[PDB]
file final_15.cif (mmCIF, C-alpha atoms; chains and numbers go by the auth columns)
data_work
loop_
_atom_site.group_PDB
_atom_site.id
_atom_site.type_symbol
_atom_site.label_atom_id
_atom_site.label_comp_id
_atom_site.label_asym_id
_atom_site.label_seq_id
_atom_site.Cartn_x
_atom_site.Cartn_y
_atom_site.Cartn_z
_atom_site.B_iso_or_equiv
_atom_site.auth_seq_id
_atom_site.auth_asym_id
ATOM 1 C CA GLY A 1 -71.564 21.456 -6.424 0.00 1 A
ATOM 2 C CA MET A 2 -67.995 20.638 -7.249 0.00 2 A
ATOM 3 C CA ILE A 3 -65.176 22.155 -5.163 0.00 3 A
ATOM 4 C CA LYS A 4 -63.298 24.680 -7.265 0.00 4 A
ATOM 5 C CA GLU A 5 -60.857 26.424 -4.925 0.00 5 A
ATOM 6 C CA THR A 6 -57.755 24.373 -4.134 0.00 6 A
ATOM 7 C CA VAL A 7 -54.093 24.781 -3.124 0.00 7 A
ATOM 8 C CA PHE A 8 -52.183 21.790 -4.450 0.00 8 A
ATOM 9 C CA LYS A 9 -48.415 21.096 -4.189 0.00 9 A
ATOM 10 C CA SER A 10 -46.877 18.132 -5.974 0.00 10 A
ATOM 11 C CA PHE A 11 -43.378 16.713 -5.631 0.00 11 A
ATOM 12 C CA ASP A 12 -40.958 14.384 -7.460 0.00 12 A
ATOM 13 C CA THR A 13 -40.809 11.922 -4.561 0.00 13 A
ATOM 14 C CA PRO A 14 -42.265 11.347 -1.104 0.00 14 A
ATOM 15 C CA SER A 15 -38.880 12.427 0.332 0.00 15 A
ATOM 16 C CA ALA A 16 -39.044 15.782 -1.445 0.00 16 A
ATOM 17 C CA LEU A 17 -42.642 16.216 -0.188 0.00 17 A
ATOM 18 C CA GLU A 18 -41.594 15.397 3.372 0.00 18 A
ATOM 19 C CA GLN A 19 -38.587 17.604 3.384 0.00 19 A
ATOM 20 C CA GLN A 20 -40.665 20.597 2.328 0.00 20 A
ATOM 21 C CA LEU A 21 -43.701 19.764 4.520 0.00 21 A
ATOM 22 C CA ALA A 22 -41.485 19.305 7.588 0.00 22 A
ATOM 23 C CA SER A 23 -39.894 22.704 6.991 0.00 23 A
ATOM 24 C CA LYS A 24 -43.280 24.445 6.524 0.00 24 A
ATOM 25 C CA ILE A 25 -44.718 22.880 9.696 0.00 25 A
ATOM 26 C CA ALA A 26 -41.659 23.619 11.779 0.00 26 A
ATOM 27 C CA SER A 27 -41.642 27.258 10.599 0.00 27 A
ATOM 28 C CA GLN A 28 -45.335 27.721 11.415 0.00 28 A
ATOM 29 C CA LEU A 29 -44.948 26.139 14.873 0.00 29 A
ATOM 30 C CA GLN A 30 -41.968 28.364 15.701 0.00 30 A
ATOM 31 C CA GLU A 31 -43.825 31.479 14.505 0.00 31 A
ATOM 32 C CA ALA A 32 -46.696 30.454 16.803 0.00 32 A
ATOM 33 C CA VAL A 33 -44.326 29.997 19.779 0.00 33 A
ATOM 34 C CA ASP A 34 -42.867 33.437 18.971 0.00 34 A
ATOM 35 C CA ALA A 35 -46.284 35.086 18.797 0.00 35 A
ATOM 36 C CA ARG A 36 -48.098 33.357 21.637 0.00 36 A
ATOM 37 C CA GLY A 37 -45.551 31.540 23.734 0.00 37 A
ATOM 38 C CA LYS A 38 -46.961 28.063 23.097 0.00 38 A
ATOM 39 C CA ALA A 39 -48.078 26.388 19.884 0.00 39 A
ATOM 40 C CA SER A 40 -50.307 23.417 19.072 0.00 40 A
ATOM 41 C CA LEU A 41 -49.947 20.662 16.474 0.00 41 A
ATOM 42 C CA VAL A 42 -52.475 17.943 15.544 0.00 42 A
ATOM 43 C CA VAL A 43 -51.154 14.974 13.635 0.00 43 A
ATOM 44 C CA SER A 44 -52.724 11.941 11.962 0.00 44 A
ATOM 45 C CA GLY A 45 -51.699 8.268 11.990 0.00 45 A
ATOM 46 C CA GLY A 46 -51.078 5.514 9.476 0.00 46 A
ATOM 47 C CA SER A 47 -47.946 4.699 7.480 0.00 47 A
ATOM 48 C CA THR A 48 -48.052 7.850 5.314 0.00 48 A
ATOM 49 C CA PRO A 49 -46.563 10.283 7.895 0.00 49 A
ATOM 50 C CA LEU A 50 -43.823 8.173 9.497 0.00 50 A
ATOM 51 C CA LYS A 51 -40.896 9.628 7.550 0.00 51 A
ATOM 52 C CA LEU A 52 -42.373 13.162 7.924 0.00 52 A
ATOM 53 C CA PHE A 53 -42.417 12.568 11.684 0.00 53 A
ATOM 54 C CA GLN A 54 -38.779 11.472 11.626 0.00 54 A
ATOM 55 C CA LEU A 55 -37.750 14.651 9.782 0.00 55 A
ATOM 56 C CA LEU A 56 -39.861 16.876 12.008 0.00 56 A
ATOM 57 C CA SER A 57 -38.276 15.292 15.102 0.00 57 A
ATOM 58 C CA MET A 58 -34.890 16.707 14.050 0.00 58 A
ATOM 59 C CA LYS A 59 -36.064 20.325 13.376 0.00 59 A
ATOM 60 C CA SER A 60 -34.483 22.885 15.732 0.00 60 A
ATOM 61 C CA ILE A 61 -37.517 24.756 17.058 0.00 61 A
ATOM 62 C CA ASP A 62 -38.837 25.384 20.575 0.00 62 A
ATOM 63 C CA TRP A 63 -40.482 21.905 20.818 0.00 63 A
ATOM 64 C CA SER A 64 -40.949 22.179 24.576 0.00 64 A
ATOM 65 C CA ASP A 65 -43.401 25.017 23.938 0.00 65 A
ATOM 66 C CA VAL A 66 -45.388 22.862 21.386 0.00 66 A
ATOM 67 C CA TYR A 67 -48.442 20.898 22.474 0.00 67 A
ATOM 68 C CA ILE A 68 -49.170 17.879 20.290 0.00 68 A
ATOM 69 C CA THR A 69 -52.226 15.672 19.968 0.00 69 A
ATOM 70 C CA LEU A 70 -53.917 13.267 17.522 0.00 70 A
ATOM 71 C CA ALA A 71 -56.619 13.846 14.936 0.00 71 A
ATOM 72 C CA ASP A 72 -58.093 10.483 15.965 0.00 72 A
ATOM 73 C CA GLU A 73 -57.294 7.294 17.751 0.00 73 A
ATOM 74 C CA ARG A 74 -58.271 3.629 17.686 0.00 74 A
ATOM 75 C CA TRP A 75 -59.695 2.467 21.025 0.00 75 A
ATOM 76 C CA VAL A 76 -56.902 -0.046 21.679 0.00 76 A
ATOM 77 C CA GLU A 77 -54.005 0.011 24.151 0.00 77 A
ATOM 78 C CA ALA A 78 -51.473 2.757 23.476 0.00 78 A
ATOM 79 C CA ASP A 79 -48.733 0.153 22.886 0.00 79 A
ATOM 80 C CA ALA A 80 -50.822 -1.919 20.463 0.00 80 A
ATOM 81 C CA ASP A 81 -50.153 -2.331 16.740 0.00 81 A
ATOM 82 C CA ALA A 82 -53.256 -0.324 15.814 0.00 82 A
ATOM 83 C CA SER A 83 -52.508 2.637 18.146 0.00 83 A
ATOM 84 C CA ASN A 84 -51.821 6.047 16.541 0.00 84 A
ATOM 85 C CA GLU A 85 -50.247 7.166 19.830 0.00 85 A
ATOM 86 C CA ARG A 86 -47.742 4.308 19.557 0.00 86 A
ATOM 87 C CA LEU A 87 -46.646 5.482 16.079 0.00 87 A
ATOM 88 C CA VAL A 88 -46.374 9.122 17.221 0.00 88 A
ATOM 89 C CA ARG A 89 -44.292 8.185 20.263 0.00 89 A
ATOM 90 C CA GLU A 90 -41.978 5.952 18.243 0.00 90 A
ATOM 91 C CA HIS A 91 -41.368 8.302 15.340 0.00 91 A
ATOM 92 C CA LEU A 92 -42.251 11.934 16.224 0.00 92 A
ATOM 93 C CA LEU A 93 -41.507 12.249 19.966 0.00 93 A
ATOM 94 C CA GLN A 94 -37.801 11.550 19.408 0.00 94 A
ATOM 95 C CA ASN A 95 -34.688 13.714 18.963 0.00 95 A
ATOM 96 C CA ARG A 96 -35.393 17.469 19.363 0.00 96 A
ATOM 97 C CA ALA A 97 -39.120 16.776 19.590 0.00 97 A
ATOM 98 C CA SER A 98 -38.550 14.610 22.622 0.00 98 A
ATOM 99 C CA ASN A 99 -39.073 17.965 24.264 0.00 99 A
ATOM 100 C CA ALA A 100 -42.650 18.562 23.065 0.00 100 A
ATOM 101 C CA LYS A 101 -45.787 18.226 25.197 0.00 101 A
ATOM 102 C CA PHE A 102 -47.859 15.334 23.778 0.00 102 A
ATOM 103 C CA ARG A 103 -51.324 14.207 24.916 0.00 103 A
ATOM 104 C CA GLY A 104 -52.985 11.171 23.389 0.00 104 A
ATOM 105 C CA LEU A 105 -56.686 10.400 23.278 0.00 105 A
ATOM 106 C CA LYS A 106 -56.851 6.816 24.667 0.00 106 A
ATOM 107 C CA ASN A 107 -57.684 6.568 28.387 0.00 107 A
ATOM 108 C CA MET A 108 -58.668 3.820 30.820 0.00 108 A
ATOM 109 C CA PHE A 109 -62.367 3.747 29.864 0.00 109 A
ATOM 110 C CA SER A 110 -63.340 0.515 28.136 0.00 110 A
ATOM 111 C CA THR A 111 -64.990 2.199 25.098 0.00 111 A
ATOM 112 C CA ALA A 112 -64.531 5.422 23.167 0.00 112 A
ATOM 113 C CA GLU A 113 -68.069 6.470 24.116 0.00 113 A
ATOM 114 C CA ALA A 114 -67.248 6.183 27.800 0.00 114 A
ATOM 115 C CA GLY A 115 -63.823 7.826 27.405 0.00 115 A
ATOM 116 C CA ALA A 116 -64.745 10.723 25.111 0.00 116 A
ATOM 117 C CA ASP A 117 -65.623 13.243 27.761 0.00 117 A
ATOM 118 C CA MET A 118 -62.335 12.701 29.653 0.00 118 A
ATOM 119 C CA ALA A 119 -60.460 12.948 26.346 0.00 119 A
ATOM 120 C CA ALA A 120 -62.230 16.290 25.488 0.00 120 A
ATOM 121 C CA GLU A 121 -61.393 17.717 28.963 0.00 121 A
ATOM 122 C CA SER A 122 -57.772 16.639 28.718 0.00 122 A
ATOM 123 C CA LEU A 123 -57.317 18.935 25.726 0.00 123 A
ATOM 124 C CA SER A 124 -59.273 21.928 27.109 0.00 124 A
ATOM 125 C CA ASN A 125 -55.818 23.384 27.931 0.00 125 A
ATOM 126 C CA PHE A 126 -54.228 23.093 24.422 0.00 126 A
ATOM 127 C CA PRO A 127 -53.711 26.361 22.575 0.00 127 A
ATOM 128 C CA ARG A 128 -56.679 26.877 20.272 0.00 128 A
ATOM 129 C CA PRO A 129 -57.049 27.649 17.498 0.00 129 A
ATOM 130 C CA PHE A 130 -54.686 24.860 16.610 0.00 130 A
ATOM 131 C CA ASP A 131 -51.660 26.303 14.829 0.00 131 A
ATOM 132 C CA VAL A 132 -51.072 23.359 12.461 0.00 132 A
ATOM 133 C CA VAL A 133 -53.276 20.324 11.671 0.00 133 A
ATOM 134 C CA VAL A 134 -51.891 17.489 9.531 0.00 134 A
ATOM 135 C CA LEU A 135 -54.548 15.264 7.975 0.00 135 A
ATOM 136 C CA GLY A 136 -54.731 12.139 5.832 0.00 136 A
ATOM 137 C CA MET A 137 -57.483 10.805 3.628 0.00 137 A
ATOM 138 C CA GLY A 138 -58.659 7.238 3.169 0.00 138 A
ATOM 139 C CA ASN A 139 -59.555 5.609 -0.145 0.00 139 A
ATOM 140 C CA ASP A 140 -63.185 5.998 0.977 0.00 140 A
ATOM 141 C CA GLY A 141 -62.803 9.775 1.438 0.00 141 A
ATOM 142 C CA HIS A 142 -62.715 9.649 5.241 0.00 142 A
ATOM 143 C CA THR A 143 -60.426 11.898 7.254 0.00 143 A
ATOM 144 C CA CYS A 144 -59.772 11.841 11.014 0.00 144 A
ATOM 145 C CA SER A 145 -62.243 9.119 12.090 0.00 145 A
ATOM 146 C CA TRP A 146 -65.073 10.843 10.205 0.00 146 A
ATOM 147 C CA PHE A 147 -66.261 7.782 8.383 0.00 147 A
ATOM 148 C CA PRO A 148 -69.119 7.709 5.890 0.00 148 A
ATOM 149 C CA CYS A 149 -69.976 4.193 7.094 0.00 149 A
ATOM 150 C CA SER A 150 -70.525 5.334 10.729 0.00 150 A
ATOM 151 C CA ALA A 151 -73.716 6.306 12.552 0.00 151 A
ATOM 152 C CA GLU A 152 -71.856 9.060 14.389 0.00 152 A
ATOM 153 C CA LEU A 153 -70.716 11.019 11.311 0.00 153 A
ATOM 154 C CA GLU A 154 -73.307 13.819 11.669 0.00 154 A
ATOM 155 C CA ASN A 155 -72.367 14.164 15.322 0.00 155 A
ATOM 156 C CA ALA A 156 -68.678 14.440 14.421 0.00 156 A
ATOM 157 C CA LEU A 157 -69.541 17.058 11.759 0.00 157 A
ATOM 158 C CA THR A 158 -71.817 19.175 13.961 0.00 158 A
ATOM 159 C CA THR A 159 -70.860 18.818 17.646 0.00 159 A
ATOM 160 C CA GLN A 160 -69.187 21.592 19.589 0.00 160 A
ATOM 161 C CA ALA A 161 -67.384 19.043 21.734 0.00 161 A
ATOM 162 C CA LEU A 162 -63.699 18.710 20.936 0.00 162 A
ATOM 163 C CA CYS A 163 -63.876 14.939 20.399 0.00 163 A
ATOM 164 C CA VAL A 164 -66.476 12.248 19.969 0.00 164 A
ATOM 165 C CA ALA A 165 -66.672 8.524 19.497 0.00 165 A
ATOM 166 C CA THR A 166 -67.278 6.959 16.135 0.00 166 A
ATOM 167 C CA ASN A 167 -67.764 3.334 15.015 0.00 167 A
ATOM 168 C CA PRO A 168 -66.960 2.672 11.405 0.00 168 A
ATOM 169 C CA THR A 169 -68.567 -0.358 9.874 0.00 169 A
ATOM 170 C CA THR A 170 -66.010 -0.653 7.035 0.00 170 A
ATOM 171 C CA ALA A 171 -62.840 -0.280 9.173 0.00 171 A
ATOM 172 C CA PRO A 172 -61.733 -1.909 12.435 0.00 172 A
ATOM 173 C CA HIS A 173 -61.807 -0.624 16.025 0.00 173 A
ATOM 174 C CA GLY A 174 -63.929 1.801 17.943 0.00 174 A
ATOM 175 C CA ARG A 175 -62.607 5.329 17.378 0.00 175 A
ATOM 176 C CA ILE A 176 -62.276 8.634 19.076 0.00 176 A
ATOM 177 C CA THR A 177 -61.987 11.598 16.756 0.00 177 A
ATOM 178 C CA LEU A 178 -61.523 15.289 16.974 0.00 178 A
ATOM 179 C CA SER A 179 -64.668 17.012 15.761 0.00 179 A
ATOM 180 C CA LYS A 180 -65.049 19.115 12.641 0.00 180 A
ATOM 181 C CA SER A 181 -65.536 22.186 14.795 0.00 181 A
ATOM 182 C CA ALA A 182 -62.209 21.424 16.566 0.00 182 A
ATOM 183 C CA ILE A 183 -60.281 20.645 13.323 0.00 183 A
ATOM 184 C CA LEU A 184 -61.563 23.767 11.520 0.00 184 A
ATOM 185 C CA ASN A 185 -60.703 26.000 14.505 0.00 185 A
ATOM 186 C CA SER A 186 -57.184 26.034 13.218 0.00 186 A
ATOM 187 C CA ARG A 187 -54.840 28.355 11.426 0.00 187 A
ATOM 188 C CA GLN A 188 -53.417 25.942 8.824 0.00 188 A
ATOM 189 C CA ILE A 189 -54.355 22.452 7.636 0.00 189 A
ATOM 190 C CA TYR A 190 -52.137 20.169 5.526 0.00 190 A
ATOM 191 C CA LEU A 191 -53.507 17.176 3.678 0.00 191 A
ATOM 192 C CA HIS A 192 -50.656 14.678 3.066 0.00 192 A
ATOM 193 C CA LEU A 193 -51.344 12.249 0.250 0.00 193 A
ATOM 194 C CA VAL A 194 -49.147 9.671 -1.547 0.00 194 A
ATOM 195 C CA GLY A 195 -49.728 7.615 -4.705 0.00 195 A
ATOM 196 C CA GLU A 196 -51.874 7.500 -7.791 0.00 196 A
ATOM 197 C CA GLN A 197 -54.854 5.941 -6.003 0.00 197 A
ATOM 198 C CA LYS A 198 -55.006 8.737 -3.419 0.00 198 A
ATOM 199 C CA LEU A 199 -54.716 11.325 -6.200 0.00 199 A
ATOM 200 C CA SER A 200 -57.705 9.685 -7.947 0.00 200 A
ATOM 201 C CA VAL A 201 -59.732 9.702 -4.678 0.00 201 A
ATOM 202 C CA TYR A 202 -58.780 13.367 -4.045 0.00 202 A
ATOM 203 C CA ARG A 203 -60.062 14.282 -7.535 0.00 203 A
ATOM 204 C CA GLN A 204 -63.285 12.395 -6.712 0.00 204 A
ATOM 205 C CA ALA A 205 -63.554 14.339 -3.503 0.00 205 A
ATOM 206 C CA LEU A 206 -63.492 17.628 -5.477 0.00 206 A
ATOM 207 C CA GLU A 207 -66.475 16.424 -7.632 0.00 207 A
ATOM 208 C CA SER A 208 -68.920 17.607 -4.943 0.00 208 A
ATOM 209 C CA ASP A 209 -69.452 19.100 -1.538 0.00 209 A
ATOM 210 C CA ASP A 210 -71.515 16.041 -0.277 0.00 210 A
ATOM 211 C CA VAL A 211 -69.640 15.555 3.024 0.00 211 A
ATOM 212 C CA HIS A 212 -71.671 12.499 3.997 0.00 212 A
ATOM 213 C CA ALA A 213 -70.321 10.563 1.040 0.00 213 A
ATOM 214 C CA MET A 214 -66.662 11.748 1.473 0.00 214 A
ATOM 215 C CA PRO A 215 -66.056 13.536 4.794 0.00 215 A
ATOM 216 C CA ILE A 216 -62.699 15.006 3.648 0.00 216 A
ATOM 217 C CA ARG A 217 -64.952 17.430 1.761 0.00 217 A
ATOM 218 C CA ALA A 218 -65.827 19.151 5.030 0.00 218 A
ATOM 219 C CA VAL A 219 -62.201 20.331 5.056 0.00 219 A
ATOM 220 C CA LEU A 220 -61.826 20.874 1.273 0.00 220 A
ATOM 221 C CA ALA A 221 -65.067 22.742 0.667 0.00 221 A
ATOM 222 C CA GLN A 222 -64.679 25.439 3.329 0.00 222 A
ATOM 223 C CA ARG A 223 -62.913 28.803 2.797 0.00 223 A
ATOM 224 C CA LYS A 224 -62.002 30.129 6.185 0.00 224 A
ATOM 225 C CA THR A 225 -59.092 27.862 7.151 0.00 225 A
ATOM 226 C CA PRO A 226 -56.264 27.435 4.682 0.00 226 A
ATOM 227 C CA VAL A 227 -55.752 23.920 3.404 0.00 227 A
ATOM 228 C CA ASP A 228 -52.624 22.987 1.466 0.00 228 A
ATOM 229 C CA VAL A 229 -52.611 19.530 -0.225 0.00 229 A
ATOM 230 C CA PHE A 230 -49.160 17.904 -0.517 0.00 230 A
ATOM 231 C CA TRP A 231 -48.839 14.986 -2.923 0.00 231 A
ATOM 232 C CA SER A 232 -46.296 12.691 -4.636 0.00 232 A
ATOM 233 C CA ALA A 233 -46.762 9.544 -6.695 0.00 233 A
#
call {"tool": "encode", "arguments": {"input": "final_15.cif", "output": "structure tokens"}}
result
Amino acid sequence: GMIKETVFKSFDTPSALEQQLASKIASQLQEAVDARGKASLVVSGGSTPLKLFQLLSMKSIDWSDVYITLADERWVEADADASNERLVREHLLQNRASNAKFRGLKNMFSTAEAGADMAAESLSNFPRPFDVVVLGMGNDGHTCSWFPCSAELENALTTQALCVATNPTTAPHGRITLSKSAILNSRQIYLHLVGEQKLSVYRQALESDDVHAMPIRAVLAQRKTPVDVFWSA
């Protein structure tokens, strides 16, 4: 049925959202470094997080003890327009966060299917559970590269591998994605949304726990891992 338990934080402006979200993430990463010696952060791509990344890059925490990776990646060169790694390197891995330990998902294999196993092994060393995961949501209800238009959705939702390939039919590029099992083996998830359309889609997502229609529900419907939704018009 519908999803009834939520934690929802709204803000005047995207800048107010970012300022707060950057502070919460930085605090949680530093508390993880304090507790365990190394922390792990998963971030998502797109235009939504770019200012957040800029703000995070200036936070004075032990960045060199933070391991960072991507929720998903387009199977394109890491300097291409469509690369999430390119956006992360330009905007996050700057300033104080220059010092962090980033690993992307793209590798030399010609397809995500062929590269997935190498990608999964390259992360086997990240601190898990992940300390902080930052997600987005598409207007179709997708998150990561868990797309309702892809044949590989059930695999993404049920595999124990850390990452798998997916091939959306309603969005461009072969994809690699972290799996549900990987994303939910985390301490804190943030869902970062902007604008009235995304708010409408989020409300639609709460109408049910049918993950195959809107895969963001796999994150919203569960009760073990805290999820805080940050939104501004």
call {"tool": "atom_distance", "arguments": {"input": "final_15.cif", "atom1": "atom CA of residue 175 of chain A", "atom2": "atom CA of residue 150 of chain A"}}
result
10.3 Å
call {"tool": "closest_residue", "arguments": {"input": "final_15.cif", "among": "A:75, A:53, A:147, A:63", "to": "residue 88 of chain A", "atoms": "only C-alpha atoms"}}
result
A:53
call {"tool": "atom_distance", "arguments": {"input": "final_15.cif", "atom1": "atom CA of residue 40 of chain A", "atom2": "atom CA of residue 81 of chain A"}}
result
25.9 Å
call {"tool": "atom_distance", "arguments": {"input": "final_15.cif", "atom1": "atom CA of residue 156 of chain A", "atom2": "atom CA of residue 76 of chain A"}}
result
20.0 Å
call {"tool": "closest_residue", "arguments": {"input": "final_15.cif", "among": "A:100, A:163, A:50, A:144", "to": "residue 122 of chain A", "atoms": "all atoms listed in the file"}}
result
A:163
call {"tool": "closest_atom_pairs", "arguments": {"input": "final_15.cif", "of": "segment 4-92 of chain A", "to": "segment 188-206 of chain A", "cutoff": "8 Å", "atoms": "only C-alpha atoms", "output": "CSV"}}
result
residue,atom,partner,partner_atom,distance
A:4,CA,A:206,CA,7.3
A:14,CA,A:194,CA,7.1
A:48,CA,A:194,CA,7.2
A:49,CA,A:192,CA,7.7
call {"tool": "build_atoms", "arguments": {"input": "final_15.cif", "residues": "segment 182-203 of chain A", "atoms": "N, CA and C atoms", "output": "PDB file, in the coordinates of the input"}}
result
ATOM      1  N   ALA A 182     -63.586  21.348  16.019  1.00  0.00           N
ATOM      2  CA  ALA A 182     -62.209  21.424  16.566  1.00  0.00           C
ATOM      3  C   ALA A 182     -61.173  21.540  15.449  1.00  0.00           C
ATOM      4  N   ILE A 183     -61.286  20.696  14.440  1.00  0.00           N
ATOM      5  CA  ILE A 183     -60.281  20.645  13.323  1.00  0.00           C
ATOM      6  C   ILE A 183     -60.296  21.943  12.554  1.00  0.00           C
ATOM      7  N   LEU A 184     -61.473  22.505  12.290  1.00  0.00           N
ATOM      8  CA  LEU A 184     -61.563  23.767  11.520  1.00  0.00           C
ATOM      9  C   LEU A 184     -61.227  24.996  12.326  1.00  0.00           C
ATOM     10  N   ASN A 185     -61.171  24.882  13.655  1.00  0.00           N
ATOM     11  CA  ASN A 185     -60.703  26.000  14.505  1.00  0.00           C
ATOM     12  C   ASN A 185     -59.179  25.902  14.594  1.00  0.00           C
ATOM     13  N   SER A 186     -58.597  26.183  13.441  1.00  0.00           N
ATOM     14  CA  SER A 186     -57.184  26.034  13.218  1.00  0.00           C
ATOM     15  C   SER A 186     -56.774  27.107  12.248  1.00  0.00           C
ATOM     16  N   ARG A 187     -55.470  27.341  12.250  1.00  0.00           N
ATOM     17  CA  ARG A 187     -54.840  28.355  11.426  1.00  0.00           C
ATOM     18  C   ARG A 187     -54.377  27.824  10.064  1.00  0.00           C
ATOM     19  N   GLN A 188     -53.944  26.551  10.033  1.00  0.00           N
ATOM     20  CA  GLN A 188     -53.417  25.942   8.824  1.00  0.00           C
ATOM     21  C   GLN A 188     -53.673  24.436   8.881  1.00  0.00           C
ATOM     22  N   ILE A 189     -54.239  23.884   7.791  1.00  0.00           N
ATOM     23  CA  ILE A 189     -54.355  22.452   7.636  1.00  0.00           C
ATOM     24  C   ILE A 189     -53.525  22.014   6.454  1.00  0.00           C
ATOM     25  N   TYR A 190     -52.849  20.860   6.610  1.00  0.00           N
ATOM     26  CA  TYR A 190     -52.137  20.169   5.526  1.00  0.00           C
ATOM     27  C   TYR A 190     -52.800  18.850   5.274  1.00  0.00           C
ATOM     28  N   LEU A 191     -53.053  18.500   4.023  1.00  0.00           N
ATOM     29  CA  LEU A 191     -53.507  17.176   3.678  1.00  0.00           C
ATOM     30  C   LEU A 191     -52.372  16.465   2.948  1.00  0.00           C
ATOM     31  N   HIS A 192     -51.842  15.376   3.520  1.00  0.00           N
ATOM     32  CA  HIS A 192     -50.656  14.678   3.066  1.00  0.00           C
ATOM     33  C   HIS A 192     -51.130  13.421   2.380  1.00  0.00           C
ATOM     34  N   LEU A 193     -50.930  13.372   1.069  1.00  0.00           N
ATOM     35  CA  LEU A 193     -51.344  12.249   0.250  1.00  0.00           C
ATOM     36  C   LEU A 193     -50.169  11.660  -0.546  1.00  0.00           C
ATOM     37  N   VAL A 194     -50.138  10.332  -0.726  1.00  0.00           N
ATOM     38  CA  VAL A 194     -49.147   9.671  -1.547  1.00  0.00           C
ATOM     39  C   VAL A 194     -49.811   8.653  -2.474  1.00  0.00           C
ATOM     40  N   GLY A 195     -49.388   8.670  -3.736  1.00  0.00           N
ATOM     41  CA  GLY A 195     -49.728   7.615  -4.705  1.00  0.00           C
ATOM     42  C   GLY A 195     -50.851   7.929  -5.644  1.00  0.00           C
ATOM     43  N   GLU A 196     -50.887   7.216  -6.749  1.00  0.00           N
ATOM     44  CA  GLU A 196     -51.874   7.500  -7.791  1.00  0.00           C
ATOM     45  C   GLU A 196     -53.303   7.230  -7.329  1.00  0.00           C
ATOM     46  N   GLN A 197     -53.514   6.201  -6.518  1.00  0.00           N
ATOM     47  CA  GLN A 197     -54.854   5.941  -6.003  1.00  0.00           C
ATOM     48  C   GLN A 197     -55.390   7.105  -5.162  1.00  0.00           C
ATOM     49  N   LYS A 198     -54.574   7.579  -4.225  1.00  0.00           N
ATOM     50  CA  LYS A 198     -55.006   8.737  -3.419  1.00  0.00           C
ATOM     51  C   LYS A 198     -55.263   9.955  -4.281  1.00  0.00           C
ATOM     52  N   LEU A 199     -54.462  10.161  -5.321  1.00  0.00           N
ATOM     53  CA  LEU A 199     -54.716  11.325  -6.200  1.00  0.00           C
ATOM     54  C   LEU A 199     -56.094  11.156  -6.868  1.00  0.00           C
ATOM     55  N   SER A 200     -56.401   9.941  -7.328  1.00  0.00           N
ATOM     56  CA  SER A 200     -57.705   9.685  -7.947  1.00  0.00           C
ATOM     57  C   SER A 200     -58.861   9.961  -6.961  1.00  0.00           C
ATOM     58  N   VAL A 201     -58.716   9.489  -5.725  1.00  0.00           N
ATOM     59  CA  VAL A 201     -59.732   9.702  -4.678  1.00  0.00           C
ATOM     60  C   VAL A 201     -59.873  11.181  -4.332  1.00  0.00           C
ATOM     61  N   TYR A 202     -58.744  11.902  -4.264  1.00  0.00           N
ATOM     62  CA  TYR A 202     -58.780  13.367  -4.045  1.00  0.00           C
ATOM     63  C   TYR A 202     -59.579  14.064  -5.175  1.00  0.00           C
ATOM     64  N   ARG A 203     -59.304  13.708  -6.421  1.00  0.00           N
ATOM     65  CA  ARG A 203     -60.062  14.282  -7.535  1.00  0.00           C
ATOM     66  C   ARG A 203     -61.555  13.947  -7.393  1.00  0.00           C
TER      67      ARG A 203
END
